[PDB]
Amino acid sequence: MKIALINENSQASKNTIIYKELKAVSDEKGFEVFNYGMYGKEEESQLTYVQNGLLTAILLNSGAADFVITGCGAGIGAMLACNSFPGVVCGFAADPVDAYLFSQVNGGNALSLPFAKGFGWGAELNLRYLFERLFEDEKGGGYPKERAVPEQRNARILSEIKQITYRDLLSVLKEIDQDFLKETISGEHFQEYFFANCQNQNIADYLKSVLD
């Protein structure tokens, strides 16, 4: 499993703190983790929470990441943005119970967190705890176990509905503001991490044209 971290500009100063805990849990589980920034350093490429959503969609739909951690001050903006694209099921979690329930009941491929609201002394403990419970069990097993059938069914039906409601990502990538798109993929490590791990060549090819 490949896990990506994406921070927007308001919470970029916490990227190191967040990555430290995510990396620790990932290392323990044998996952691969990629820090796509923002990193909290001067004159780096910038992301808004809306661009976090777009980048999340690019990473997940391409196969470059299997799961994305992102967020903002309250976590709600990034959640709203991530869920505005096809192929993204982005939850919200504030505590470790939220994270476990998300993995077992919803079984999505992204999670948005508050990195400022409620984020103070011991917040990195909460992050570690949350990440641990998020990956404690393989996703989609159901909670409680006896309710797995209807929970899995509804997640399946949601997926079927999303196939009808969203336009395909390639068309979206071509029609959105191209400066907005270019900025979203201008991170210092984007090309390195993305193109090495991308499994959708059509998306890779179009993004190459945007960058070259």
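A residue's number is simply how far along the shown sequence it sits, counting from 1.
Greater mean Cα temperature factor according to the PDB record, 138 to 146 or 68 to 76: Averaging CA B-factors over each stretch, the winner is 138 to 146.
25 to 33 set against 56 to 64, stretch whose average Cα temperature factor tops the other in the entry: Mean C-alpha B-factor is greater for 25 to 33.
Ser10 by Cα B-factor - lowest, middle or highest third of the modelled chain: As the PDB entry reports it, the C-alpha B-factor of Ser10 lands in the lowest third of its chain.
Ranked against its chain, the third holding the CA B-factor of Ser171: Highest third, going by the recorded CA B-factors of the chain.
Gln51 - Cα temperature factor, lowest/middle/highest third of chain: Bottom third by C-alpha B-factor.
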